[PDB]
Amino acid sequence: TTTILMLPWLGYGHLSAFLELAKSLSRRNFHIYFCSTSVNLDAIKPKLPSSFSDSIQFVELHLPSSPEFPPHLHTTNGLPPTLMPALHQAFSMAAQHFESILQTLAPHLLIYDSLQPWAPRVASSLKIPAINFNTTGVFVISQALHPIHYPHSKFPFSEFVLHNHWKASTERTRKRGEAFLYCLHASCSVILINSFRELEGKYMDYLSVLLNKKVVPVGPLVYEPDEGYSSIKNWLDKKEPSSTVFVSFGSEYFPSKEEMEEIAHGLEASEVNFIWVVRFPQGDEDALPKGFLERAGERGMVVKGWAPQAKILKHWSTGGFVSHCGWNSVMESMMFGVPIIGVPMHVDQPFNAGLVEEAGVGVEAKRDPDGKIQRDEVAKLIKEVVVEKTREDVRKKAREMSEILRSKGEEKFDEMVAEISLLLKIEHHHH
């Protein structure tokens, strides 16, 4: 049996994409070693059905540990953002344990994420072929690489303009982008990416040109399942159809008090039904404006910490998704046909939001010239998309996009499997 060890970056959204890809490979008779830290392995285990455990085994990666930075913090999930440098540094120091794991398990292939340049190096040292897998979409990467080659010409296939709030240590920023691009550039023959040609094909071809490397899509990768759902479903069961927005900002971002107030007042003014997951950093309710939940009454529900996002998005009473536009959340909303109201925050999210808007399956709540979220913009877009449904074009496009994604089967993985087959056959000769 052909074995693959998979090494996601230490974020929950990365674990998620990597696990869906592992399921696809296990269905093609590959045996998977799924490698991450124990806190991440525990968090993602509920998304692996028992029928897979025979062919997808979890393998614990050890990061350096101290009482100030213990194992339960070896993840971006709910991490204090001022510990993010520690997490990156600790991850790079796990390279020798990673080498021990690769020497012991001797997998035939490594698939690794885009935040660990050391990973393909350890694999090369052991004569193990390694392929990069990206859990973002294509648009953001192509937007990042384009000005390196064309610093005086605009990105040529989209009308998207990145708001100045996100355009705003130059060597360190360069070293981070160099590490990121190295992971892609170092990949054996192809890079894998969680996307599909109907949405990003021309960006795929453009990125392949800039990188001088084939880009292989493997998307849509979307997980489909009481973790608290019984109470949530009972409340949703009492709403009209397409009347409710889910509100969430993912696994590794905490919106500021001022940001929560603009969103909260946006929700209130829209008069929509809403389920809103509010989170607090691991060490640390009152993040919300005074009286907001009371005025909301039966229209509002705040879930603390974590919610069954997929089940909520698939409920008949859900008409919209106020999202930070993390890529898994975007793919999920598209697969389930729920139009997105974009409130992006950082990293790839402003690009994802622009791609959502450009494809016509959602809208973006624009920040003001100070870079602040606007309660009026949030309330307006929820009114048009969800409450009054005057944006019939967006709801239709979202429906049409869901029909497209629902039609995709295991053929979406054929190209990856053939490139894996070719790569191993070539390297077996050379070894």
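Residues carry their position along the shown sequence, with the first being 1.
- According to the record, no deposited residue between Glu159 and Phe160 is left without atomic coordinates.
- The gap between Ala168 and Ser169 holds 4 to 9 unmodelled residues of the deposited sequence.
- Looking at 253 to 261 and 285 to 293 together, the entry lists the larger mean B-factor for 285 to 293, computed on C-alpha atoms.
- Taking the PDB entry as given, 151 to 159 carries the higher mean Cα B factor of the two stretches 151 to 159 and 209 to 217.
- Take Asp237, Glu99, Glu332, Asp113 and read off each C-alpha B-factor from the entry; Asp237 has the highest.
- Across the options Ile32, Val39, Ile404, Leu61, the residue with the most elevated CA B-factor in the record is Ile404.
- Ranked by Cα temperature factor within the chain, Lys202 sits in the middle third according to the deposited record.
- Per the deposited record, the Cα B-factor of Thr173 falls in the highest third when ranked against the other modelled residues of its chain.
- Annotation for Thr135: C-alpha temperature factor in the lowest third relative to the rest of the modelled chain, per the entry.
- Looking at the C-alpha B-factors along this chain, the one for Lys383 belongs to the highest third.
- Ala353: CA B factor lies in the lowest third for its chain, per the PDB record.
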